[PDB]
Amino acid sequence: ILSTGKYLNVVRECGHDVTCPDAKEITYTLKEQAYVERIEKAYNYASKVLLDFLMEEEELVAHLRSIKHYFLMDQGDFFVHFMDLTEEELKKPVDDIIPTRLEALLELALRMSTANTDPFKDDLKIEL
Amino acid sequence: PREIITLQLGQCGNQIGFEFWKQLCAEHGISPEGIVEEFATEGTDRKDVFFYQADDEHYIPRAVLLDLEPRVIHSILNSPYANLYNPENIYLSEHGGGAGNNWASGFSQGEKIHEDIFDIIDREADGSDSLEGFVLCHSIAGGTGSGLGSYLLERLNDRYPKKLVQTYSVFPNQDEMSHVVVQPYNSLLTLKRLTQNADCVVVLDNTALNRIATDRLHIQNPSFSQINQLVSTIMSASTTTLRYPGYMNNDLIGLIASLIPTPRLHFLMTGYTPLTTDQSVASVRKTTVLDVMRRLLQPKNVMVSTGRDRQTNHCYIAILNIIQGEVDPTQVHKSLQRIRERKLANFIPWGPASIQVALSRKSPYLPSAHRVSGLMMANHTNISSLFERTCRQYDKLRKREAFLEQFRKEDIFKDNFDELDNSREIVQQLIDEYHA
(Lines give C-alpha, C1' and ligand atoms only; values in the text may rest on other atoms or scores of the structure.)
Protein backbone atom coordinates (compact mmCIF):
# COMPACT_ATOMS: atom_id res chain seq x y z
CA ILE A 1 0.00 0.00 0.00
CA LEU A 2 2.67 2.34 1.18
CA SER A 3 4.96 1.56 -1.79
CA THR A 4 2.04 1.96 -4.32
CA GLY A 5 1.28 5.52 -3.23
CA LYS A 6 4.98 6.16 -3.15
CA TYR A 7 5.33 5.61 -6.86
CA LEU A 8 2.17 7.57 -7.73
CA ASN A 9 4.16 10.31 -6.12
CA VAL A 10 7.28 9.97 -8.26
CA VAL A 11 5.28 10.21 -11.52
CA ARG A 12 4.10 13.74 -10.39
CA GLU A 13 7.83 14.58 -10.47
CA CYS A 14 8.00 13.54 -14.13
CA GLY A 15 4.61 15.17 -14.72
CA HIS A 16 0.87 13.99 -14.46
CA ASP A 17 0.19 12.18 -17.64
CA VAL A 18 1.20 8.73 -16.18
CA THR A 19 -0.60 8.99 -12.80
CA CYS A 20 -4.08 7.50 -12.42
CA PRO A 21 -4.99 3.95 -13.59
CA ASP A 22 -6.95 3.80 -16.83
CA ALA A 23 -9.51 1.18 -15.71
CA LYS A 24 -9.08 0.69 -12.00
CA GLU A 25 -11.44 2.82 -10.25
CA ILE A 26 -14.03 0.22 -11.19
CA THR A 27 -13.12 -1.82 -8.18
CA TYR A 28 -14.34 -1.50 -4.63
CA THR A 29 -15.55 -4.88 -3.12
CA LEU A 30 -17.28 -5.61 0.19
CA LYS A 31 -15.63 -9.08 0.52
CA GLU A 32 -13.06 -9.93 3.23
CA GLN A 33 -10.52 -11.85 1.70
CA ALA A 34 -10.28 -10.67 -1.90
CA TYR A 35 -9.45 -7.11 -1.05
CA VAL A 36 -5.72 -8.20 -0.67
CA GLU A 37 -5.79 -9.02 -4.48
CA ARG A 38 -7.01 -5.45 -5.03
CA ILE A 39 -3.72 -4.43 -3.44
CA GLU A 40 -1.79 -6.61 -5.67
CA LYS A 41 -3.22 -5.33 -8.96
CA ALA A 42 -2.47 -1.95 -7.58
CA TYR A 43 1.00 -3.06 -6.64
CA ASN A 44 2.10 -4.34 -10.12
CA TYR A 45 0.42 -1.47 -12.06
CA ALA A 46 1.94 1.69 -10.45
CA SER A 47 5.41 0.25 -10.14
CA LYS A 48 5.85 -0.84 -13.85
CA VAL A 49 4.46 2.22 -15.39
CA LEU A 50 7.00 4.59 -13.67
CA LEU A 51 9.62 2.30 -15.32
CA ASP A 52 8.03 2.63 -18.70
CA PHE A 53 8.11 6.41 -18.53
CA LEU A 54 11.67 6.70 -17.50
CA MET A 55 13.04 4.03 -19.90
CA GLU A 56 11.07 5.63 -22.81
CA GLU A 57 11.46 9.37 -22.71
CA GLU A 58 14.01 10.21 -20.08
CA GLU A 59 16.34 7.45 -21.28
CA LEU A 60 17.49 5.93 -18.02
CA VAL A 61 19.37 3.01 -19.90
CA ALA A 62 21.24 5.52 -22.11
CA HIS A 63 22.31 7.49 -18.94
CA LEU A 64 23.25 4.35 -16.90
CA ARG A 65 25.42 2.98 -19.67
CA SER A 66 27.18 6.36 -19.83
CA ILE A 67 27.90 6.49 -16.03
CA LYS A 68 29.40 3.04 -16.64
CA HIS A 69 31.89 4.20 -19.30
CA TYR A 70 33.17 7.26 -17.27
CA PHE A 71 33.57 5.65 -13.75
CA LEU A 72 35.03 2.34 -14.97
CA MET A 73 36.71 3.69 -18.27
CA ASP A 74 34.78 0.93 -20.26
CA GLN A 75 35.41 2.57 -23.61
CA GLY A 76 39.03 3.71 -22.69
CA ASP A 77 39.70 4.83 -26.21
CA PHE A 78 38.18 8.17 -25.12
CA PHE A 79 40.48 8.23 -22.02
CA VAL A 80 43.77 8.28 -23.91
CA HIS A 81 42.62 11.79 -24.98
CA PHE A 82 40.96 12.53 -21.61
CA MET A 83 43.35 11.34 -18.87
CA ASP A 84 46.60 12.15 -20.60
CA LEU A 85 45.69 15.65 -21.26
CA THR A 86 44.30 16.35 -17.66
CA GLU A 87 47.37 14.81 -15.87
CA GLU A 88 49.77 17.50 -17.36
CA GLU A 89 47.63 20.37 -15.92
CA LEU A 90 47.43 19.19 -12.32
CA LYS A 91 51.24 18.51 -11.93
CA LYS A 92 51.80 21.86 -10.28
CA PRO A 93 50.18 22.50 -6.69
CA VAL A 94 46.47 22.44 -6.95
CA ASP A 95 44.49 25.67 -6.79
CA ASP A 96 40.74 26.39 -7.06
CA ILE A 97 41.23 27.37 -10.84
CA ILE A 98 43.08 24.14 -11.65
CA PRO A 99 39.81 21.88 -11.86
CA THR A 100 38.37 24.60 -14.26
CA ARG A 101 41.41 24.26 -16.62
CA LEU A 102 40.89 20.48 -16.58
CA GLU A 103 37.21 20.65 -17.53
CA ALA A 104 38.29 22.98 -20.35
CA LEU A 105 40.58 20.13 -21.46
CA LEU A 106 37.84 17.47 -20.99
CA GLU A 107 35.19 18.94 -23.35
CA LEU A 108 38.08 19.92 -25.59
CA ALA A 109 39.03 16.22 -25.87
CA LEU A 110 35.42 15.07 -25.94
CA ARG A 111 34.74 16.10 -29.51
CA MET A 112 38.18 15.24 -30.91
CA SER A 113 37.70 11.76 -29.61
CA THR A 114 34.10 12.01 -30.92
CA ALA A 115 31.91 9.82 -28.73
CA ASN A 116 28.39 8.82 -29.93
CA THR A 117 26.49 11.90 -28.99
CA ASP A 118 28.76 14.64 -27.73
CA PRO A 119 25.86 16.94 -26.82
CA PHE A 120 24.61 14.03 -24.51
CA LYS A 121 28.09 13.18 -23.21
CA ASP A 122 28.97 16.73 -22.10
CA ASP A 123 27.22 16.28 -18.82
CA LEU A 124 30.52 15.64 -16.92
CA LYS A 125 32.19 18.31 -14.69
CA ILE A 126 35.56 17.97 -13.03
CA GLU A 127 36.01 18.23 -9.27
CA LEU A 128 39.51 18.20 -7.60
CA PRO B 1 27.83 57.47 -44.28
CA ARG B 2 30.76 54.96 -44.03
CA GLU B 3 31.35 54.57 -47.81
CA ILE B 4 34.31 52.78 -49.13
CA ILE B 5 35.39 53.27 -52.74
CA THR B 6 37.10 50.27 -54.45
CA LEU B 7 39.91 51.11 -56.83
CA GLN B 8 40.15 48.02 -58.99
CA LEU B 9 43.16 48.39 -61.08
CA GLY B 10 45.25 45.94 -62.94
CA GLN B 11 44.81 43.05 -65.30
CA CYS B 12 44.54 40.53 -62.44
CA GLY B 13 43.31 43.29 -60.04
CA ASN B 14 40.04 43.81 -62.13
CA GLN B 15 39.54 40.08 -62.14
CA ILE B 16 40.01 39.26 -58.52
CA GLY B 17 37.61 42.26 -57.91
CA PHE B 18 35.14 41.02 -60.50
CA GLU B 19 34.14 37.97 -58.55
CA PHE B 20 33.92 40.23 -55.46
CA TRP B 21 31.08 42.32 -57.08
CA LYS B 22 29.49 39.21 -58.48
CA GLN B 23 29.48 37.63 -54.92
CA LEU B 24 27.78 40.73 -53.58
CA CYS B 25 24.92 40.79 -55.97
CA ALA B 26 23.94 37.14 -55.40
CA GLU B 27 23.47 37.77 -51.57
CA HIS B 28 21.82 41.14 -52.18
CA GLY B 29 19.32 39.21 -54.28
CA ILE B 30 19.44 41.82 -57.02
CA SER B 31 19.45 41.88 -60.74
CA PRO B 32 21.74 44.38 -62.45
CA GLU B 33 18.81 46.71 -63.34
CA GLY B 34 16.02 45.24 -61.12
CA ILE B 35 15.12 43.38 -57.90
CA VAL B 36 14.21 39.69 -58.13
CA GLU B 37 14.23 38.95 -54.44
CA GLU B 38 13.27 40.55 -51.18
CA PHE B 39 16.80 39.74 -49.86
CA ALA B 40 17.60 43.31 -50.99
CA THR B 41 16.20 44.89 -47.79
CA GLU B 42 15.77 41.65 -45.62
CA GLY B 43 19.35 40.21 -45.92
CA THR B 44 21.07 43.59 -46.60
CA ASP B 45 19.96 45.91 -43.83
CA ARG B 46 22.73 48.49 -44.37
CA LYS B 47 22.65 48.86 -48.17
CA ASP B 48 25.08 51.65 -48.56
CA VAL B 49 28.60 50.58 -47.78
CA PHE B 50 30.04 49.85 -51.21
CA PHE B 51 26.68 50.13 -52.99
CA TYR B 52 24.69 53.24 -53.49
CA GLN B 53 20.97 53.11 -52.85
CA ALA B 54 18.23 52.80 -55.51
CA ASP B 55 17.22 55.59 -57.92
CA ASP B 56 15.77 53.35 -60.65
CA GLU B 57 15.48 50.13 -58.51
CA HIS B 58 19.19 48.92 -58.76
CA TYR B 59 22.17 49.42 -56.55
CA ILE B 60 25.05 51.10 -58.61
CA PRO B 61 28.69 50.08 -57.46
CA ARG B 62 31.11 52.49 -55.91
CA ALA B 63 33.86 51.06 -58.21
CA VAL B 64 36.38 52.68 -60.60
CA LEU B 65 38.14 50.60 -63.18
CA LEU B 66 41.06 52.16 -64.77
CA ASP B 67 43.60 49.85 -66.28
CA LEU B 68 46.38 50.24 -68.99
CA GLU B 69 45.24 46.98 -70.63
CA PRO B 70 41.68 47.35 -72.04
CA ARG B 71 41.21 43.56 -72.46
CA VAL B 72 40.05 42.96 -68.94
CA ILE B 73 37.29 45.58 -68.80
CA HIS B 74 35.97 44.45 -72.11
CA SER B 75 35.73 40.98 -70.32
CA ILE B 76 33.36 42.84 -67.97
CA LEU B 77 31.49 44.69 -70.80
CA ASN B 78 29.89 41.46 -71.82
CA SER B 79 28.67 39.26 -68.76
CA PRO B 80 25.07 38.87 -67.61
CA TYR B 81 25.94 41.56 -64.85
CA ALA B 82 28.01 43.79 -67.22
CA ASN B 83 25.27 46.38 -66.64
CA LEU B 84 25.70 45.84 -62.89
CA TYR B 85 28.44 48.52 -63.17
CA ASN B 86 27.79 51.64 -65.30
CA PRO B 87 28.95 51.21 -68.92
CA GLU B 88 30.77 54.62 -69.10
CA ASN B 89 30.88 55.99 -65.59
CA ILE B 90 32.83 53.09 -63.90
CA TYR B 91 35.25 52.49 -66.78
CA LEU B 92 36.20 54.51 -69.74
CA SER B 93 35.39 53.09 -73.21
CA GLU B 94 39.06 52.13 -73.58
CA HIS B 95 42.39 53.22 -72.05
CA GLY B 96 45.85 54.08 -73.62
CA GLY B 97 48.23 51.06 -73.62
CA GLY B 98 51.60 51.02 -71.98
CA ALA B 99 54.87 49.46 -72.70
CA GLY B 100 53.62 48.16 -70.25
CA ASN B 101 54.83 45.15 -68.33
CA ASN B 102 56.77 47.56 -66.03
CA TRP B 103 56.00 49.67 -62.97
CA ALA B 104 56.82 53.03 -64.67
CA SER B 105 54.30 52.63 -67.41
CA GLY B 106 51.36 52.81 -65.08
CA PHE B 107 53.28 55.32 -62.92
CA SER B 108 53.39 57.71 -65.98
CA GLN B 109 49.87 57.33 -67.25
CA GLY B 110 48.80 58.63 -63.83
CA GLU B 111 50.75 61.94 -64.43
CA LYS B 112 48.82 62.93 -67.58
CA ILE B 113 45.36 61.56 -66.74
CA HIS B 114 46.09 62.99 -63.27
CA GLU B 115 43.04 65.29 -63.34
CA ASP B 116 40.72 62.41 -64.14
CA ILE B 117 42.26 59.70 -61.90
CA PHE B 118 41.38 61.94 -58.89
CA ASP B 119 37.76 62.79 -60.20
CA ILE B 120 36.39 59.47 -61.15
CA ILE B 121 35.99 58.76 -57.46
CA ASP B 122 34.47 62.12 -56.70
CA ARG B 123 31.61 61.35 -59.06
CA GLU B 124 31.24 57.85 -57.29
CA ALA B 125 30.63 59.75 -53.96
CA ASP B 126 27.02 60.94 -54.34
CA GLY B 127 25.13 59.15 -51.59
CA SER B 128 27.93 59.45 -49.03
CA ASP B 129 28.37 62.34 -46.60
CA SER B 130 31.49 61.62 -44.55
CA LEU B 131 33.99 59.26 -46.39
CA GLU B 132 35.20 55.95 -44.67
CA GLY B 133 38.05 55.32 -47.14
CA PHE B 134 39.50 53.66 -50.26
CA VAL B 135 40.32 50.06 -50.96
CA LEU B 136 42.83 49.47 -53.77
CA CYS B 137 41.82 46.02 -55.32
CA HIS B 138 45.06 45.70 -57.26
CA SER B 139 47.41 42.88 -58.00
CA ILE B 140 51.20 43.14 -57.64
CA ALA B 141 51.29 40.69 -60.63
CA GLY B 142 51.98 42.33 -64.09
CA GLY B 143 52.94 45.98 -64.71
CA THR B 144 49.49 47.39 -65.19
CA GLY B 145 48.09 47.02 -61.65
CA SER B 146 51.32 47.56 -59.79
CA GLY B 147 51.91 50.65 -61.86
CA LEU B 148 48.95 53.00 -61.18
CA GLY B 149 48.29 51.56 -57.72
CA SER B 150 51.67 52.54 -56.23
CA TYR B 151 50.91 56.28 -57.11
CA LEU B 152 47.46 56.41 -55.45
CA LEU B 153 48.87 55.01 -52.09
CA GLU B 154 50.55 58.26 -51.60
CA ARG B 155 48.07 60.78 -52.79
CA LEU B 156 45.01 59.46 -51.06
CA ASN B 157 47.05 59.35 -47.77
CA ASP B 158 47.91 63.08 -47.97
CA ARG B 159 44.53 64.24 -49.06
CA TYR B 160 42.61 61.89 -46.78
CA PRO B 161 45.24 61.21 -43.99
CA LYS B 162 42.63 60.06 -41.41
CA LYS B 163 40.72 57.74 -43.89
CA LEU B 164 41.55 54.07 -44.47
CA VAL B 165 43.93 53.13 -47.16
CA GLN B 166 44.21 49.35 -47.69
CA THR B 167 45.00 47.26 -50.68
CA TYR B 168 44.23 43.59 -51.02
CA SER B 169 47.57 42.91 -52.46
CA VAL B 170 48.22 39.57 -54.00
CA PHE B 171 51.64 38.43 -55.16
CA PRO B 172 52.23 36.57 -58.51
CA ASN B 173 53.92 33.19 -58.88
CA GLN B 174 57.52 33.30 -57.48
CA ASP B 175 58.58 29.81 -58.49
CA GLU B 176 58.59 31.04 -62.16
CA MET B 177 60.46 34.11 -63.20
CA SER B 178 59.45 34.39 -66.96
CA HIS B 179 55.82 34.82 -65.92
CA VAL B 180 56.79 38.35 -64.75
CA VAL B 181 60.48 39.08 -64.62
CA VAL B 182 60.06 42.52 -63.13
CA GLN B 183 58.83 40.86 -59.99
CA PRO B 184 61.75 41.59 -57.46
CA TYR B 185 61.86 45.29 -58.57
CA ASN B 186 58.22 46.28 -58.60
CA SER B 187 57.48 44.41 -55.33
CA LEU B 188 60.06 46.26 -53.16
CA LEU B 189 59.01 49.68 -54.66
CA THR B 190 55.46 48.76 -53.50
CA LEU B 191 56.55 47.37 -50.27
CA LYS B 192 57.86 50.86 -49.50
CA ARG B 193 54.35 52.27 -50.16
CA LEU B 194 52.88 49.66 -47.73
CA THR B 195 54.98 50.62 -44.63
CA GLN B 196 55.20 54.52 -44.68
CA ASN B 197 52.54 55.35 -47.30
CA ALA B 198 49.86 53.00 -46.06
CA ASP B 199 47.81 52.48 -43.03
CA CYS B 200 47.08 48.79 -43.16
CA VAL B 201 47.58 46.14 -45.95
CA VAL B 202 46.58 42.49 -46.75
CA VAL B 203 49.46 40.60 -48.37
CA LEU B 204 48.84 37.03 -49.45
CA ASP B 205 51.50 34.76 -50.73
CA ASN B 206 50.83 32.98 -54.01
CA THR B 207 52.31 29.60 -53.33
CA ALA B 208 50.03 29.53 -50.21
CA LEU B 209 46.96 30.11 -52.42
CA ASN B 210 47.72 27.18 -54.73
CA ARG B 211 48.27 25.13 -51.50
CA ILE B 212 44.46 25.36 -50.72
CA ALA B 213 43.38 25.38 -54.31
CA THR B 214 44.66 21.77 -54.83
CA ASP B 215 44.01 20.56 -51.30
CA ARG B 216 40.43 21.65 -50.32
CA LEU B 217 39.06 21.31 -53.93
CA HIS B 218 40.71 17.91 -54.16
CA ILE B 219 42.08 18.26 -57.64
CA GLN B 220 45.62 18.16 -59.12
CA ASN B 221 45.60 21.26 -61.42
CA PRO B 222 45.94 24.89 -60.29
CA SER B 223 44.41 27.08 -62.95
CA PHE B 224 43.70 30.83 -62.58
CA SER B 225 40.01 30.84 -61.97
CA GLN B 226 40.33 28.73 -58.80
CA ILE B 227 42.47 31.59 -57.46
CA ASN B 228 40.24 34.58 -58.21
CA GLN B 229 37.62 32.80 -56.02
CA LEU B 230 39.72 32.39 -52.85
CA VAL B 231 40.38 36.07 -53.08
CA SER B 232 36.95 37.55 -53.65
CA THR B 233 35.32 35.50 -50.82
CA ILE B 234 37.62 36.71 -47.95
CA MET B 235 37.23 40.35 -49.18
CA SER B 236 33.38 40.23 -49.11
CA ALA B 237 33.55 38.32 -45.77
CA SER B 238 35.41 41.03 -43.84
CA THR B 239 32.69 43.77 -44.34
CA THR B 240 29.95 41.62 -42.88
CA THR B 241 29.99 43.81 -39.71
CA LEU B 242 29.49 46.90 -41.85
CA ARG B 243 26.58 45.34 -43.65
CA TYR B 244 24.78 42.63 -41.79
CA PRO B 245 23.66 43.38 -38.10
CA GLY B 246 26.10 43.42 -35.22
CA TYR B 247 26.84 45.71 -32.29
CA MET B 248 30.38 45.61 -31.00
CA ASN B 249 32.74 45.60 -33.86
CA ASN B 250 30.78 47.29 -36.78
CA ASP B 251 33.27 49.71 -38.43
CA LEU B 252 35.82 48.61 -40.90
CA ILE B 253 38.05 51.19 -39.26
CA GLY B 254 37.04 49.34 -35.99
CA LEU B 255 38.55 46.02 -37.01
CA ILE B 256 41.66 47.29 -38.47
CA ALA B 257 42.41 49.72 -35.44
CA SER B 258 42.92 46.66 -33.17
CA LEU B 259 45.21 44.98 -35.73
CA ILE B 260 47.81 47.75 -36.17
CA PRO B 261 50.37 48.02 -33.39
CA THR B 262 53.14 49.88 -35.33
CA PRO B 263 53.27 51.71 -38.70
CA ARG B 264 55.03 48.75 -40.42
CA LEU B 265 53.47 45.83 -38.60
CA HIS B 266 50.04 45.62 -39.97
CA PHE B 267 50.47 42.84 -42.60
CA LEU B 268 47.47 40.53 -41.97
CA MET B 269 47.45 36.73 -42.49
CA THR B 270 44.12 35.47 -43.88
CA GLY B 271 42.43 32.09 -43.46
CA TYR B 272 39.03 30.96 -44.53
CA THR B 273 38.14 27.36 -43.91
CA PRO B 274 35.02 26.78 -46.15
CA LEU B 275 35.68 26.00 -49.71
CA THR B 276 34.19 22.55 -49.63
CA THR B 277 30.77 21.01 -50.34
CA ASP B 278 30.90 18.81 -47.27
CA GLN B 279 28.97 20.94 -44.71
CA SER B 280 25.90 18.82 -45.06
CA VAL B 281 27.57 15.54 -44.21
CA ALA B 282 29.39 17.39 -41.39
CA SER B 283 26.02 18.28 -39.94
CA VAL B 284 25.61 14.74 -38.65
CA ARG B 285 27.61 15.59 -35.52
CA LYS B 286 25.76 18.97 -35.54
CA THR B 287 27.03 22.23 -36.94
CA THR B 288 27.92 23.93 -33.71
CA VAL B 289 30.01 26.87 -32.47
CA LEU B 290 32.27 24.57 -30.59
CA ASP B 291 34.73 23.98 -33.50
CA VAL B 292 34.49 27.26 -35.43
CA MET B 293 37.60 28.87 -33.86
CA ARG B 294 39.65 25.61 -33.56
CA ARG B 295 39.65 25.48 -37.34
CA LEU B 296 40.69 29.19 -37.49
CA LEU B 297 43.82 28.82 -35.30
CA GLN B 298 45.04 25.49 -36.74
CA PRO B 299 47.45 25.94 -39.68
CA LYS B 300 45.77 24.28 -42.62
CA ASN B 301 43.94 27.40 -43.98
CA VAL B 302 46.98 29.71 -44.05
CA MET B 303 47.33 32.14 -47.19
CA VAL B 304 50.81 33.33 -46.39
CA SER B 305 54.02 31.30 -46.68
CA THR B 306 56.13 31.17 -43.53
CA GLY B 307 58.28 28.44 -42.03
CA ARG B 308 57.10 25.81 -39.28
CA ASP B 309 59.09 27.03 -36.27
CA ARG B 310 58.36 30.76 -36.84
CA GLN B 311 55.00 29.96 -35.31
CA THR B 312 56.45 29.45 -31.80
CA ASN B 313 59.54 31.74 -32.06
CA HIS B 314 57.26 34.67 -32.92
CA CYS B 315 53.93 35.77 -31.52
CA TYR B 316 50.44 36.78 -32.61
CA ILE B 317 49.24 39.91 -30.66
CA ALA B 318 45.93 40.33 -32.29
CA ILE B 319 43.84 37.74 -34.13
CA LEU B 320 40.20 38.50 -35.15
CA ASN B 321 38.01 35.39 -35.56
CA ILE B 322 34.71 36.27 -37.11
CA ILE B 323 32.24 33.41 -37.21
CA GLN B 324 29.22 34.01 -39.54
CA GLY B 325 25.75 32.41 -39.87
CA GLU B 326 23.24 31.23 -37.23
CA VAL B 327 24.88 28.49 -35.24
CA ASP B 328 23.90 29.15 -31.61
CA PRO B 329 26.87 31.40 -30.61
CA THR B 330 25.92 31.79 -26.90
CA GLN B 331 28.43 28.97 -26.29
CA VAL B 332 30.96 31.32 -27.76
CA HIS B 333 32.39 31.90 -24.32
CA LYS B 334 32.66 28.05 -23.91
CA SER B 335 34.63 27.98 -27.05
CA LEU B 336 37.19 30.69 -26.17
CA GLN B 337 37.91 28.83 -22.92
CA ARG B 338 39.45 25.94 -24.76
CA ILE B 339 42.03 28.04 -26.73
CA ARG B 340 44.15 29.06 -23.70
CA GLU B 341 44.84 25.62 -22.53
CA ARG B 342 46.44 24.44 -25.71
CA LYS B 343 47.99 27.77 -26.40
CA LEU B 344 47.13 27.27 -30.11
CA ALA B 345 47.47 30.90 -30.90
CA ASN B 346 50.70 32.35 -29.35
CA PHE B 347 50.57 35.36 -27.08
CA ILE B 348 52.88 38.32 -26.44
CA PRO B 349 54.79 37.90 -23.12
CA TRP B 350 55.25 41.57 -22.32
CA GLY B 351 51.53 42.00 -21.80
CA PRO B 352 48.24 40.60 -22.83
CA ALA B 353 47.42 39.54 -26.48
CA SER B 354 43.79 39.56 -27.60
CA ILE B 355 41.75 37.06 -29.29
CA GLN B 356 38.61 39.04 -30.49
CA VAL B 357 35.69 36.93 -31.52
CA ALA B 358 32.65 38.55 -33.18
CA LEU B 359 29.65 37.42 -34.90
CA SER B 360 27.31 38.61 -37.61
CA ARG B 361 24.41 36.98 -39.51
CA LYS B 362 24.14 36.85 -43.27
CA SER B 363 21.30 36.97 -45.83
CA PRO B 364 18.40 34.43 -45.73
CA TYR B 365 20.09 32.52 -48.68
CA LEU B 366 21.24 28.92 -49.10
CA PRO B 367 25.19 29.04 -48.68
CA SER B 368 24.62 31.32 -45.53
CA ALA B 369 22.17 29.48 -43.52
CA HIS B 370 23.23 25.87 -43.86
CA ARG B 371 26.83 26.65 -44.68
CA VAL B 372 28.79 28.42 -41.96
CA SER B 373 31.76 30.96 -42.70
CA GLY B 374 34.71 31.62 -40.51
CA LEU B 375 37.12 34.40 -41.39
CA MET B 376 40.36 34.66 -39.44
CA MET B 377 42.29 37.90 -39.97
CA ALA B 378 45.53 37.45 -37.87
CA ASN B 379 48.29 39.89 -37.11
CA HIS B 380 51.30 37.70 -36.53
CA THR B 381 54.98 38.79 -36.53
CA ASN B 382 55.91 35.71 -38.58
CA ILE B 383 55.54 37.82 -41.70
CA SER B 384 59.31 38.52 -41.84
CA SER B 385 59.81 35.40 -44.12
CA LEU B 386 58.00 37.11 -46.95
CA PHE B 387 60.40 40.05 -47.02
CA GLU B 388 63.32 37.61 -46.85
CA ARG B 389 61.77 35.79 -49.81
CA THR B 390 61.72 38.98 -51.76
CA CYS B 391 65.25 40.13 -50.75
CA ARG B 392 66.78 36.67 -51.70
CA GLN B 393 65.00 36.79 -55.11
CA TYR B 394 66.14 40.46 -55.42
CA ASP B 395 69.93 40.10 -55.17
CA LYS B 396 69.92 37.02 -57.49
CA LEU B 397 68.22 39.05 -60.26
CA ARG B 398 70.97 41.68 -59.72
CA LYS B 399 73.42 38.78 -60.22
CA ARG B 400 71.57 38.03 -63.46
CA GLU B 401 72.32 41.72 -64.44
CA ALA B 402 68.63 42.23 -65.33
CA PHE B 403 67.21 45.65 -64.47
CA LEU B 404 70.44 47.45 -63.81
CA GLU B 405 69.88 49.64 -66.93
CA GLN B 406 66.76 47.86 -68.55
CA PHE B 407 64.52 49.36 -66.04
CA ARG B 408 66.34 52.72 -66.18
CA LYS B 409 64.98 53.88 -69.60
CA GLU B 410 61.34 54.21 -68.91
CA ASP B 411 61.90 57.53 -66.96
CA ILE B 412 64.26 56.59 -64.08
CA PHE B 413 67.83 57.94 -64.44
CA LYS B 414 68.81 58.05 -60.81
CA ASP B 415 69.84 55.26 -58.47
CA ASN B 416 67.30 54.58 -55.90
CA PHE B 417 67.26 50.86 -55.68
CA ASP B 418 69.12 50.22 -52.45
CA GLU B 419 66.94 52.76 -50.85
CA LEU B 420 64.10 50.21 -50.97
CA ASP B 421 66.37 47.54 -49.46
CA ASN B 422 67.43 49.73 -46.47
CA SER B 423 63.86 50.67 -45.58
CA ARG B 424 62.97 47.07 -45.83
CA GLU B 425 65.61 46.07 -43.21
CA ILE B 426 64.24 48.80 -40.94
CA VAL B 427 60.90 46.79 -41.27
CA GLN B 428 62.26 43.35 -40.82
CA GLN B 429 64.23 44.26 -37.60
CA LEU B 430 61.28 46.07 -36.11
CA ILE B 431 58.96 43.16 -36.67
CA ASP B 432 61.08 40.77 -34.67
CA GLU B 433 61.72 43.50 -32.03
CA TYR B 434 58.00 44.36 -31.52
CA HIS B 435 57.03 41.20 -29.67
CA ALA B 436 59.40 40.86 -26.75
# chains A, B, ... in the order shown; residues from 1 in each chain; ligands from 1

$ interface_residues --of "chain A" --to "chain B" --cutoff "8 Å" --atoms "only C-alpha atoms" --output "PyMOL selection string"
chain A and resi 101+104-105+108+117-118

$ residues_around --residues "residue A:110" --least-positions-apart "6" --cutoff "8 Å" --atoms "only C-alpha atoms" --output "JSON, numbers by chain"
{"A": [78, 81, 82, 118, 122]}

$ residues_around --residues "residue A:18" --least-positions-apart "5" --cutoff "10 Å" --atoms "only C-alpha atoms" --output "ChimeraX atom specification"
/A:8,11-12,46,49-50,52-53

$ closest_residue --among "A:30, A:90, A:102, A:115" --to "residue A:70" --atoms "only C-alpha atoms"
A:115

$ atom_distance --atom1 "atom CA of residue B:345" --atom2 "atom CA of residue B:316"
6.8 Å

$ residues_around --residues "stretch 214-228 of chain B" --least-positions-apart "5" --cutoff "12 Å" --atoms "only C-alpha atoms" --output "ChimeraX atom specification"
/B:11-20,22-23,137,139,170-173,204-209,233-235,272-278,300-301,303

$ residues_around --residues "residue B:63" --least-positions-apart "2" --cutoff "7 Å" --atoms "only C-alpha atoms" --output "PyMOL selection string"
chain B and resi 5-7+61+65+90

$ select_by_dssp --residues "stretch 169-360 of chain B" --states "strand (DSSP E)" --output "number ranges by chain"
B: 169-170, 202-204, 270-272, 316-324, 354-360

$ residues_around --residues "residue B:248" --least-positions-apart "4" --cutoff "10 Å" --atoms "only C-alpha atoms" --output "list in words"
residues 241, 254, 358 and 359 of chain B

$ residues_around --residues "residue B:100" --least-positions-apart "6" --cutoff "10 Å" --atoms "only C-alpha atoms" --output "number ranges by chain"
B: 68-69, 106, 142-144, 147, 410

$ closest_residue --among "B:1, B:96, B:87, B:80" --to "residue B:67" --atoms "only C-alpha atoms"
B:96

$ atom_distance --atom1 "atom CA of residue A:86" --atom2 "atom CA of residue B:354"
25.3 Å
